[PDB]
$ cat work03.cif   # mmCIF, C-alpha atoms and all ligand atoms
data_my_file
loop_
_atom_site.label_atom_id
_atom_site.label_comp_id
_atom_site.auth_asym_id
_atom_site.auth_seq_id
_atom_site.Cartn_x
_atom_site.Cartn_y
_atom_site.Cartn_z
CA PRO O 6 -12.02 -0.17 3.13
CA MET O 7 -14.15 -0.17 6.30
CA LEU O 8 -13.98 1.46 9.74
CA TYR O 9 -16.03 0.01 12.63
CA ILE O 10 -16.34 1.90 15.91
CA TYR O 11 -17.58 0.06 19.02
CA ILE O 12 -19.13 2.26 21.69
CA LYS O 13 -20.45 1.62 25.19
CA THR O 14 -24.14 2.56 25.08
CA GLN O 15 -26.22 4.32 27.72
CA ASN O 16 -27.77 0.96 28.68
CA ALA O 17 -24.23 -0.44 29.24
CA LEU O 18 -24.22 -2.47 26.01
CA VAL O 19 -21.92 -2.34 22.99
CA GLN O 20 -23.05 -0.93 19.65
CA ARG O 21 -21.19 -1.08 16.33
CA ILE O 22 -21.09 2.04 14.15
CA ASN O 23 -20.20 1.76 10.45
CA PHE O 24 -18.23 4.99 10.43
CA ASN O 25 -17.61 7.27 7.44
CA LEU O 26 -14.24 9.01 7.88
CA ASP O 27 -14.75 11.60 5.15
CA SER O 28 -18.13 12.93 6.34
CA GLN O 29 -19.50 11.57 9.61
CA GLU O 30 -18.76 12.83 13.13
CA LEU O 31 -16.83 10.93 15.81
CA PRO O 32 -18.88 9.11 18.48
CA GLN O 33 -18.55 9.30 22.27
CA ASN O 34 -17.57 6.43 24.62
CA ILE O 35 -15.42 4.50 22.13
CA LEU O 36 -14.25 1.07 23.26
CA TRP O 37 -12.64 -0.38 20.13
CA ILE O 38 -11.83 0.83 16.61
CA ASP O 39 -11.54 -1.83 13.86
CA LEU O 40 -9.80 -0.96 10.57
CA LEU O 41 -10.34 -3.42 7.70
CA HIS O 42 -8.38 -2.99 4.44
CA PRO O 43 -7.13 0.43 5.58
CA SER O 44 -6.15 3.03 3.03
CA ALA O 45 -4.07 6.09 3.76
CA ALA O 46 -7.23 7.85 4.95
CA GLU O 47 -7.81 5.37 7.78
CA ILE O 48 -4.10 5.30 8.68
CA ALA O 49 -4.07 9.12 8.66
CA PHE O 50 -7.21 9.10 10.82
CA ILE O 51 -5.84 7.08 13.75
CA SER O 52 -2.59 9.04 13.63
CA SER O 53 -4.25 12.44 13.62
CA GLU O 54 -6.80 11.58 16.33
CA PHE O 55 -4.97 9.06 18.55
CA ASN O 56 -1.25 9.67 17.88
CA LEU O 57 -0.75 6.17 16.45
CA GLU O 58 2.10 5.67 13.99
CA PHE O 59 4.11 2.57 13.08
CA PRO O 60 7.54 3.47 11.73
CA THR O 61 10.13 0.70 11.84
CA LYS O 62 12.94 3.20 12.47
CA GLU O 63 12.52 5.97 15.03
CA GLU O 64 14.80 8.14 17.12
CA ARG O 65 13.41 7.53 20.61
CA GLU O 66 13.70 3.71 20.66
CA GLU O 67 15.30 0.80 18.85
CA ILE O 68 12.34 -0.80 17.04
CA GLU O 69 13.00 -4.54 16.81
CA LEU O 70 11.32 -6.48 14.04
CA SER O 71 12.32 -9.62 15.94
CA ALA O 72 9.67 -8.89 18.57
CA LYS O 73 5.90 -8.79 18.21
CA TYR O 74 5.21 -6.57 21.26
CA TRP O 75 6.15 -2.87 21.62
CA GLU O 76 5.22 -0.42 24.39
CA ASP O 77 6.03 3.20 25.15
CA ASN O 78 4.54 5.60 27.70
CA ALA O 79 1.20 5.97 25.87
CA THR O 80 0.64 3.00 23.60
CA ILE O 81 0.95 -0.76 23.34
CA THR O 82 1.38 -2.40 19.93
CA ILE O 83 0.95 -6.13 19.27
CA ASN O 84 1.22 -7.89 15.92
CA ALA O 85 -1.15 -10.76 16.73
CA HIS O 86 -1.04 -14.19 15.09
CA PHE O 87 -4.03 -15.83 13.39
CA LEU O 88 -4.54 -18.86 11.14
CA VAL O 89 -6.59 -18.62 7.94
CA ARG O 90 -7.33 -21.00 5.09
CA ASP O 91 -4.83 -20.98 2.25
CA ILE O 102 -7.20 -28.31 4.74
CA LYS O 103 -4.15 -26.06 4.56
CA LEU O 104 -3.68 -22.98 6.73
CA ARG O 105 -1.32 -20.01 6.73
CA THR O 106 -0.30 -17.15 9.00
CA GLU O 107 -2.41 -13.99 9.06
CA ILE O 108 -1.30 -11.06 11.23
CA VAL O 109 -3.56 -8.41 12.75
CA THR O 110 -2.10 -5.28 14.32
CA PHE O 111 -3.52 -4.51 17.79
CA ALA O 112 -2.79 -1.16 19.41
CA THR O 113 -3.97 0.81 22.43
CA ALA O 114 -4.33 4.59 22.66
CA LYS O 115 -6.45 6.69 25.03
CA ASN O 116 -7.93 3.50 26.55
CA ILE O 117 -9.26 2.49 23.09
CA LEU O 118 -8.42 -0.77 21.34
CA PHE O 119 -7.36 -0.58 17.69
CA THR O 120 -7.28 -3.59 15.39
CA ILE O 121 -5.81 -3.17 11.90
CA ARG O 122 -6.50 -6.05 9.55
CA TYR O 123 -5.97 -6.68 5.88
CA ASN O 124 -8.31 -9.63 5.34
CA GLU O 125 -11.60 -10.86 6.71
CA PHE O 126 -11.40 -14.36 8.17
CA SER O 127 -13.65 -16.60 10.20
CA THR O 128 -11.73 -16.45 13.50
CA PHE O 129 -12.01 -12.68 13.60
CA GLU O 130 -15.75 -12.91 12.85
CA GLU O 131 -16.10 -15.13 15.90
CA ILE O 132 -14.19 -12.53 17.92
CA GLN O 133 -16.64 -9.85 16.72
CA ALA O 134 -19.73 -11.90 17.59
CA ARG O 135 -18.50 -12.76 21.10
CA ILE O 136 -17.58 -9.17 22.00
CA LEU O 137 -20.95 -7.94 20.80
CA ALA O 138 -22.81 -10.68 22.70
CA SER O 139 -20.76 -10.99 25.88
CA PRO O 140 -22.56 -10.19 29.15
CA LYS O 141 -19.24 -8.79 30.41
CA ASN O 142 -19.14 -5.04 31.05
CA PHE O 143 -16.26 -3.67 28.98
CA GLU O 144 -15.03 -0.41 30.49
CA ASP O 145 -12.34 0.29 27.87
CA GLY O 146 -10.37 -1.25 25.03
CA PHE O 147 -8.12 -3.21 27.38
CA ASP O 148 -11.13 -5.23 28.49
CA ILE O 149 -11.80 -6.05 24.83
CA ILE O 150 -8.33 -7.48 24.14
CA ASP O 151 -8.64 -9.48 27.36
CA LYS O 152 -11.72 -11.27 25.98
CA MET O 153 -10.16 -11.66 22.50
CA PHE O 154 -7.24 -13.68 23.86
CA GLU O 155 -9.76 -15.99 25.54
CA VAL O 156 -11.79 -16.44 22.34
CA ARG O 157 -8.60 -17.03 20.32
CA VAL O 158 -7.37 -19.79 22.65
CA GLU O 159 -10.79 -21.49 22.44
CA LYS O 160 -10.67 -21.50 18.62
CA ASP O 161 -7.18 -23.00 18.74
CA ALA O 162 -8.62 -25.62 21.13
CA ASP O 163 -11.48 -26.38 18.70
CA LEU O 164 -8.89 -26.93 15.97
CA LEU O 165 -6.87 -29.33 18.14
CA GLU O 166 -10.13 -31.15 18.86
CA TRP O 167 -10.87 -31.52 15.17
CA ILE O 168 -7.36 -32.89 14.56
CA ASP O 169 -8.00 -35.27 17.44
CA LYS O 170 -11.13 -36.63 15.74
CA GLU O 171 -9.16 -37.20 12.52
CA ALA O 172 -6.19 -38.72 14.37
CA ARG O 173 -8.39 -41.28 16.12
CA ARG O 174 -9.93 -42.39 12.83
CA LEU O 175 -6.47 -42.79 11.33
CA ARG O 176 -5.11 -44.46 14.48
CA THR O 177 -7.87 -47.07 14.36
CA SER O 178 -7.53 -47.59 10.62
CA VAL O 179 -3.75 -48.11 10.64
CA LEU O 180 -3.22 -49.94 13.95
CA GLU O 181 -5.97 -52.54 13.46
CA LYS O 182 -5.54 -52.59 9.63
CA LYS O 183 -9.31 -52.11 9.52
CA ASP O 184 -11.24 -49.95 7.02
CA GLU O 185 -8.12 -48.56 5.33
CA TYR O 186 -8.02 -46.55 2.12
CA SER O 187 -5.13 -45.69 -0.21
CA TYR O 188 -1.92 -45.94 1.84
CA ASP O 189 -0.65 -42.89 -0.04
CA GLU O 190 -3.87 -41.01 0.71
CA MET O 191 -3.57 -41.84 4.41
CA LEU O 192 0.00 -40.53 4.37
CA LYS O 193 -1.19 -37.32 2.73
CA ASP O 194 -3.75 -36.82 5.51
CA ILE O 195 -1.32 -37.60 8.33
CA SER O 196 1.07 -35.09 6.77
CA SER O 197 -1.73 -32.52 6.57
CA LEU O 198 -2.66 -33.01 10.24
CA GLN O 199 0.98 -32.71 11.31
CA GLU O 200 1.21 -29.32 9.62
CA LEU O 201 -2.03 -28.12 11.23
CA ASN O 202 -0.80 -29.27 14.65
CA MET O 203 2.53 -27.50 14.24
CA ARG O 204 0.88 -24.24 13.15
CA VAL O 205 -1.58 -24.14 16.08
CA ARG O 206 1.11 -24.83 18.66
CA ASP O 207 3.29 -22.04 17.26
CA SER O 208 0.21 -19.81 17.24
CA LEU O 209 -0.26 -20.71 20.91
CA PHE O 210 3.38 -19.87 21.62
CA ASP O 211 2.91 -16.43 20.00
CA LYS O 212 -0.12 -15.69 22.19
CA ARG O 213 1.78 -16.80 25.30
CA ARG O 214 4.57 -14.30 24.65
CA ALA O 215 2.06 -11.49 23.98
CA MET O 216 -0.11 -12.13 27.07
CA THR O 217 3.00 -12.43 29.23
CA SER O 218 4.26 -9.08 27.93
CA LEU O 219 0.84 -7.51 28.57
CA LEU O 220 0.97 -8.79 32.15
CA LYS O 221 4.01 -6.60 32.75
CA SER O 222 2.32 -3.40 31.55
CA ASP O 223 1.09 -0.97 34.14
CA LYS O 224 -1.56 0.11 31.63
CA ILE O 225 -3.40 -3.15 32.42
CA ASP O 226 -5.49 -3.29 35.60
CA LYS O 227 -5.69 -6.19 38.04
CA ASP O 228 -8.91 -7.55 36.50
CA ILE O 229 -7.32 -8.16 33.13
CA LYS O 230 -4.09 -9.62 34.54
CA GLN O 231 -6.15 -12.18 36.47
CA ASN O 232 -8.02 -13.15 33.29
CA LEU O 233 -4.89 -13.34 31.14
CA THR O 234 -3.40 -15.66 33.78
CA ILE O 235 -6.40 -18.00 33.50
CA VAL O 236 -6.12 -18.01 29.71
CA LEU O 237 -2.38 -18.70 30.04
CA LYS O 238 -3.00 -21.81 32.15
CA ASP O 239 -5.45 -23.15 29.55
CA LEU O 240 -3.05 -22.24 26.75
CA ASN O 241 -0.39 -24.37 28.43
CA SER O 242 -2.84 -27.30 28.62
CA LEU O 243 -3.44 -26.98 24.87
CA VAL O 244 0.30 -26.98 24.15
CA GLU O 245 0.63 -30.22 26.15
CA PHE O 246 -2.31 -31.67 24.21
CA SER O 247 -0.79 -30.58 20.89
CA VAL O 248 2.54 -32.25 21.75
CA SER O 249 0.90 -35.56 22.72
CA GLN O 250 -1.10 -35.31 19.50
CA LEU O 251 1.95 -34.77 17.29
CA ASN O 252 3.68 -37.80 18.81
CA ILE O 253 0.58 -39.84 17.92
CA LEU O 254 0.63 -38.55 14.32
CA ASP O 255 4.37 -39.18 13.97
CA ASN O 256 3.94 -42.72 15.26
CA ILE O 257 0.97 -43.39 12.96
CA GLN O 258 3.15 -42.21 10.06
CA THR O 259 5.92 -44.57 11.19
CA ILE O 260 3.54 -47.53 11.45
CA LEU O 261 1.98 -46.71 8.08
CA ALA O 262 5.36 -46.44 6.32
CA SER O 263 6.31 -49.74 7.95
CA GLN O 264 3.29 -51.43 6.34
CA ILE O 265 3.98 -50.02 2.85
CA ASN O 266 7.55 -51.25 2.91
CA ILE O 267 6.83 -54.63 4.56
CA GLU O 268 3.97 -55.32 2.12
NI NI J 1 -11.12 -2.94 34.42
#
$ encode --input "work03.cif" --output "structure tokens"
Amino acid sequence: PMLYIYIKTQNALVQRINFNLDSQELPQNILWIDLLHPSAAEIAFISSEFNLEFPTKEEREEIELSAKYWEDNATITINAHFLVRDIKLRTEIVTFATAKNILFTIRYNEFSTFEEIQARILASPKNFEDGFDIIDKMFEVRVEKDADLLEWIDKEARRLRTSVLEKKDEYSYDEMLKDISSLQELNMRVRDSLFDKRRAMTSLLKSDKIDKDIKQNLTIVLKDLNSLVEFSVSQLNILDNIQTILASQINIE
């Protein structure tokens, strides 16, 4: 049950404070508040200090569980999509929220993609003026990590493509089918993860809480995201065709 507060320092750098809710005093110049394994104390803390609640039924608005983006006059909420090990992956969701120009992330597990997000924010030369600048950089880091995963699948697909097409350096036909099937699932999960981030960034673009600097950056990430979706689709066709060729060999032989 941990609470990390990221502040903009006097020297215009970011510093991470391991914050103790029950005793310590709140810092100045907060950029981003990270809640890991929150208990009712941490949930009570952000509500009492930043007016941040998450009921699924309220009087003022119809809350739709069939969306992953919600915005009222003061806050934006995003249930953001991540992939974590279950190689077999599974969906992990992190709640993002904005209040008083501060980014909030609420997470229930620690996973490697979020550690990479932490390291990049702490080491970026970018000057973050508020929490909206943070989420801007996070979307960029998240699309890169999805790209690295498509690249890894690409390496594995080329090895399989060579092995099956030229019938050279093959192993167990069943084992090759297991791998192809595993890569197909990874490809499908990353593409869907990329679709989720497209919908969120596009909804952020419409907010008037987001200044022109962030909208320009989200647009650049969106173009690259689209490139990765194209790459993922070409890649899945290759995997499906390797599976078809491999099944053809089993049956013919
Ligand atoms: Ni700005």
$ residues_near_ligand --input "work03.cif" --ligand "ligand NI 1 (chain J)" --cutoff "8 Å" --atoms "all atoms listed in the file" --output "list in words"
residues 143, 144, 145, 147, 148, 225, 226, 227, 228 and 229 of chain O
$ closest_residue --input "work03.cif" --among "O:162, O:18, O:195, O:104" --to "residue 252 (chain O)" --atoms "all atoms listed in the file"
O:195
$ atom_distance --input "work03.cif" --atom1 "CA of residue 183 (chain O)" --atom2 "CA of residue 196 (chain O)"
20.1 Å
$ residues_around --input "work03.cif" --residues "residue 126 (chain O)" --least-positions-apart "4" --cutoff "12 Å" --atoms "all atoms listed in the file" --output "VMD selection string"
chain O and resid 41 87 to 91 104 to 109 122 130 to 133
$ residues_around --input "work03.cif" --residues "residue 57 (chain O)" --least-positions-apart "4" --cutoff "12 Å" --atoms "only C-alpha atoms" --output "number ranges by chain"
O: 47-53, 76-77, 79-82, 110-115, 117-121
$ atom_distance --input "work03.cif" --atom1 "CA of residue 30 (chain O)" --atom2 "CA of residue 149 (chain O)"
23.3 Å
$ closest_residue --input "work03.cif" --among "O:7, O:172, O:201, O:136" --to "residue 123 (chain O)" --atoms "all atoms listed in the file"
O:7
$ closest_residue --input "work03.cif" --among "O:230, O:21, O:224, O:13" --to "residue 134 (chain O)" --atoms "only C-alpha atoms"
O:21
$ residues_around --input "work03.cif" --residues "residue 70 (chain O)" --least-positions-apart "5" --cutoff "10 Å" --atoms "all atoms listed in the file" --output "ChimeraX atom specification"
/O:61-62,75
$ write_last_selection --input "work03.cif" --atoms "C-alpha atoms" --output "short mmCIF file (atom, residue, chain, number, x, y, z; two decimals), keeping the file's coordinate frame"
data_model
loop_
_atom_site.label_atom_id
_atom_site.label_comp_id
_atom_site.auth_asym_id
_atom_site.auth_seq_id
_atom_site.Cartn_x
_atom_site.Cartn_y
_atom_site.Cartn_z
CA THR O 61 10.13 0.70 11.84
CA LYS O 62 12.94 3.20 12.47
CA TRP O 75 6.15 -2.87 21.62
#
$ residues_around --input "work03.cif" --residues "residue 251 (chain O)" --least-positions-apart "3" --cutoff "12 Å" --atoms "only C-alpha atoms" --output "PDB file with C-alpha atoms, in the coordinates of the input"
ATOM      1  CA  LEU O 165      -6.870 -29.330  18.140  1.00  0.00           C
ATOM      2  CA  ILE O 168      -7.360 -32.890  14.560  1.00  0.00           C
ATOM      3  CA  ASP O 169      -8.000 -35.270  17.440  1.00  0.00           C
ATOM      4  CA  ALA O 172      -6.190 -38.720  14.370  1.00  0.00           C
ATOM      5  CA  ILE O 195      -1.320 -37.600   8.330  1.00  0.00           C
ATOM      6  CA  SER O 196       1.070 -35.090   6.770  1.00  0.00           C
ATOM      7  CA  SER O 197      -1.730 -32.520   6.570  1.00  0.00           C
ATOM      8  CA  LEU O 198      -2.660 -33.010  10.240  1.00  0.00           C
ATOM      9  CA  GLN O 199       0.980 -32.710  11.310  1.00  0.00           C
ATOM     10  CA  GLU O 200       1.210 -29.320   9.620  1.00  0.00           C
ATOM     11  CA  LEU O 201      -2.030 -28.120  11.230  1.00  0.00           C
ATOM     12  CA  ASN O 202      -0.800 -29.270  14.650  1.00  0.00           C
ATOM     13  CA  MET O 203       2.530 -27.500  14.240  1.00  0.00           C
ATOM     14  CA  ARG O 204       0.880 -24.240  13.150  1.00  0.00           C
ATOM     15  CA  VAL O 205      -1.580 -24.140  16.080  1.00  0.00           C
ATOM     16  CA  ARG O 206       1.110 -24.830  18.660  1.00  0.00           C
ATOM     17  CA  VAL O 244       0.300 -26.980  24.150  1.00  0.00           C
ATOM     18  CA  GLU O 245       0.630 -30.220  26.150  1.00  0.00           C
ATOM     19  CA  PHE O 246      -2.310 -31.670  24.210  1.00  0.00           C
ATOM     20  CA  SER O 247      -0.790 -30.580  20.890  1.00  0.00           C
ATOM     21  CA  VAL O 248       2.540 -32.250  21.750  1.00  0.00           C
ATOM     22  CA  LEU O 254       0.630 -38.550  14.320  1.00  0.00           C
ATOM     23  CA  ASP O 255       4.370 -39.180  13.970  1.00  0.00           C
ATOM     24  CA  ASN O 256       3.940 -42.720  15.260  1.00  0.00           C
ATOM     25  CA  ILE O 257       0.970 -43.390  12.960  1.00  0.00           C
ATOM     26  CA  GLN O 258       3.150 -42.210  10.060  1.00  0.00           C
TER      27      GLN O 258
END
$ atom_distance --input "work03.cif" --atom1 "CA of residue 32 (chain O)" --atom2 "CA of residue 125 (chain O)"
24.3 Å
$ residues_around --input "work03.cif" --residues "residue 156 (chain O)" --least-positions-apart "2" --cutoff "9 Å" --atoms "only C-alpha atoms" --output "list in words"
residues 128, 131, 132, 135, 152, 153, 154, 158, 159, 160 and 161 of chain O
$ closest_residue --input "work03.cif" --among "O:211, O:243, O:188, O:266" --to "residue 84 (chain O)" --atoms "only C-alpha atoms"
O:211
$ axis_aligned_box --input "work03.cif" --around "region 70-77 of chain O" --padding-each-side "4 Å" --output "AutoDock Vina command-line options"
--center_x 8.8 --center_y -3.2 --center_z 19.6 --size_x 15.1 --size_y 20.8 --size_z 19.1
$ closest_residue --input "work03.cif" --among "O:237, O:164, O:180, O:46" --to "residue 25 (chain O)" --atoms "only C-alpha atoms"
O:46
$ closest_residue --input "work03.cif" --among "O:264, O:221, O:139, O:175" --to "residue 193 (chain O)" --atoms "all atoms listed in the file"
O:175
